[PDB]
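The form solved without the ligand is given below as one chain in structure tokens.
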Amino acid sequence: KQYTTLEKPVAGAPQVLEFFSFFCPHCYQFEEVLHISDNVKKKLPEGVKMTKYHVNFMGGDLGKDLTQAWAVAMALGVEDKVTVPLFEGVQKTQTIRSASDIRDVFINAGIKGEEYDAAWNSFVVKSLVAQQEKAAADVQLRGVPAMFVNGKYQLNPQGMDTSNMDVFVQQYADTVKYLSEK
């Protein structure tokens, strides 16, 4: 009803693991309009580790570039500065068409060009690309957005109420908190 339980339960996963794509329209709403992750964080214990991974299977050649740039954002700790301009650059203005345009967002957000390029080519970033791929494969990820709790329960927003946005977010955050105590 509110979630499903995987028939193939994954060990070693983070407490709460989200998957998204900057090409994914529902992900744009989840992040920019509903602020799902933020409210899940607020209604969670002050220690829970939240992980957010980008996926490859939307956007063509640009899809893999965004996963690498997300790995860059993770390695630099600049997720809170690039998430919004990347969503708007991909879905709103649609001015992001190349790897260079993804880089322009990072530079405008304050990451020095040299720092972006070094991270972009770093093997630390290469490993982050591998974790994101491996984590989605561990759950045989079927589309985005998606949220997994303790590698066993997957959120199911089809049953929550989409008439009121605050009710929806509250129901969603309440189900995540519920599932993290199982």
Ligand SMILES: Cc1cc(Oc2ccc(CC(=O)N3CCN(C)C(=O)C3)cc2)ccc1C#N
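Only residues modelled in both forms are compared. In this text, residue numbers run from 1 along the sequence as written. Basically, rigid core = biggest C-alpha set you can superpose within 1.5 Å across the two forms.
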Comparing 156-164 with 19-27, the higher average Cα temperature factor in the PDB entry belongs to 156-164
Could you settle it for me: does 58-66 or 146-154 have the higher average Cα B factor in the PDB entry? 146-154
Checking the entry, which one of 118, 135, 50, 124 has the top C-alpha B factor? 50
Within this chain's modelled residues, let me know which third the CA B factor of residue 140 belongs to: lowest, middle or highest. highest
C-alpha B factor of residue 36, ranked within the chain: lowest, middle or highest third? middle
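Not on display, but discussed next: the form deposited with the ligand bound.
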In the deposited bound form, is there a heavy atom of the ligand that lies within 4.5 Å of any heavy atom of residue 125, even though the partner is absent here? no
Heavy atoms within 4.5 Å of the ligand in the deposited bound form: does residue 162 have any? yes
Is residue 42 a contact residue for the ligand in the deposited bound form, using a 4.5 Å heavy atom cut-off? no
Going by a heavy atom distance of 4.5 Å, is residue 30 a contact of the ligand in the deposited bound form? yes
Are there residues in 116-155 with a heavy atom within 4.5 Å of the ligand in the deposited bound form, and which are they, in order? 142, 143, 144, 145
Superposed on the rigid core, which segments of at least three residues move by 2 angstroms or more at the Cα between the shown form and the other one? 162-164
